[PDB]
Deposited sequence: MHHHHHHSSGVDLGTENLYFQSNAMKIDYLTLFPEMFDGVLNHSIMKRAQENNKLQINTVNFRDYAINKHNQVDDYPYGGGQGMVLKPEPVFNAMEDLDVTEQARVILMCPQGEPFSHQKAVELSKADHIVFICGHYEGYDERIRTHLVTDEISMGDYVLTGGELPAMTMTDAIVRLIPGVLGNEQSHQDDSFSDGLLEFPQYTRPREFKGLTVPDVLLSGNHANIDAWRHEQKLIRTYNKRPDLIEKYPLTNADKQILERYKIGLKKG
């Protein structure tokens, strides 16, 4: 697979493109992750931005530059063109899975108060948001999504996790549960299972309602609450 980022700030990507566990695939000829400076496709004035027909307070991303960029990037039909949007589908795993299968992805990163509809109908294949929160630009989101998608290339049990501890045993008066140093694995497993139940009960009672509790599980919770008195 290969990935292109058409952005006005290709520099934002230097730190991440290299120094992250991203090179696993880059050096392994699995993928080409390269940045594209969008100002190369701009027009009298080298702006990729222009006024809205009908009026409005914001500016709108022009169609021409974007179509041109897609041209030389040889985006075929069956390449994925992603627009970073607030009203886009919030990104998810089923979506990360779907994308890791395409052989080519292009991200329109710049945040504009508007996008020419012709770009949305003819070029863009997926519109994606990160969550109900509002961001200043689409480059971070594009990088975050790349991570999730790439690391899913080739190369819960319904409860919260059991608490984990490492050395030292005692630190500033904070001691690791004795059971963990006992070497008795049936007791360590049982204790972790109890902690998972209890933590879920205290912090994600919704998860408990959708967990098929065994009689022993109910007895653990029952005595736990009696211990709180």
query	finding
Missing C-alpha runs, given along the deposited sequence, first residue counted as 1	1-24, 67, 181-193, 268-269
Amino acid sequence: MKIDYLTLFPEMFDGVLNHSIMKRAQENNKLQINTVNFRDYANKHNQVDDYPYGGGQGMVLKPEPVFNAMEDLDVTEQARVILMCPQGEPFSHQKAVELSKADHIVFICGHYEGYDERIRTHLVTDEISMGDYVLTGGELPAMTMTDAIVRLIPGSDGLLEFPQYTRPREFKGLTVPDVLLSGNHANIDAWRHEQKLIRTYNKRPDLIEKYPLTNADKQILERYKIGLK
From here on, numbers count along this sequence of modelled residues.
| query | finding |
| --- | --- |
| Higher-scoring stretch by recorded Cα B factor average, 49-57 or 29-37 | 29-37 |
| Between 15-23 and 210-218 (mean CA B-factor, as deposited), the higher | 15-23 |
| Which of 163, 173, 168, 63 ranks first by CA B-factor in the deposited coordinates | 173 |
| 154, 158, 90, 114, ranked by C-alpha B-factor: the highest one | 154 |
| Among modelled residues of the same chain, the CA temperature factor third for residue 105 | lowest |
| Residue 72, C-alpha B-factor rank within chain (lowest, middle or highest third) | highest |
| Modelled-residue ranking by C-alpha temperature factor, third containing residue 127 | lowest |
| Chain third (lowest, middle, highest) by recorded CA B-factor, residue given as residue 78 | highest |
| Chain-relative CA temperature factor third for residue 119 | lowest |
